[PDB]
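Listed next as structure tokens: two forms of one protein chain, kept apart as structure 1 and structure 2.
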Structure 1
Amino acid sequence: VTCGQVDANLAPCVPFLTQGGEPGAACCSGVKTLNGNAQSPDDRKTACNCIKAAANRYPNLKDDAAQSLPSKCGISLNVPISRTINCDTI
């Protein structure tokens, strides 16, 4: 996994992550793809740092949307979406 595919996977989540509402089919599909590429702990740490960068790309980001995405998509997201996560814990 690489930061560029992570960016690609989360691009359709930008509306939900910045304006709220519901993530939608494309967002959840991208998140599922990314969760599938983040199976091992190494992959998970790399994806976590990539996601931290993507999350920090937007100051308008809503923490409640980021925190509710995994349950709104019905996925056990191994990598949380936050601007302040320390990816060494993953």
Structure 2
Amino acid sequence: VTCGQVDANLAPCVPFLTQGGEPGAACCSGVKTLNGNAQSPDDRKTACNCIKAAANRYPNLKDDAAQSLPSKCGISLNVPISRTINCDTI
């Protein structure tokens, strides 16, 4: 819904998103929280663009790092996590 919740839930992933390894229970909990509260197509689009905004705030990260997040947390997302993602394909 709002990008503040996106950032708050993704905060515990910055250690994983900068240092790799296995994401802790906090980061996985945040990813699942974000996924659960983005239900309608407009919800998922808003969240996708909040994610792009955060990615531009952290523009020195690797996108292949964040793509391993859903598989390592359980979820199968509907978009590639890449800084170039066209969120309109949702």
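Take the two forms, superpose them, and find the largest set of C-alpha atoms that agree within 1.5 Å; that set is the rigid core. Residues are numbered by position in structure 1's sequence, first residue being 1.
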- line: Superposing on the rigid core between structure 1 and structure 2, the only one of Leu17, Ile81, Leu10, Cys73 with a Cα displacement of 2 Å or more is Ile81
- request: Give the C-alpha shift of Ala55 between structure 1 and structure 2, in Å, after superposing the two forms on their rigid core.
  value: 1.6
field: Per-residue CA shift, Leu34 (Å; core superposed between structure 1 and structure 2)
entry: 0.4
query: How many Å does the Cα of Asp64 travel between structure 1 and structure 2 when the structures are matched on their rigid core?
result: 2.6
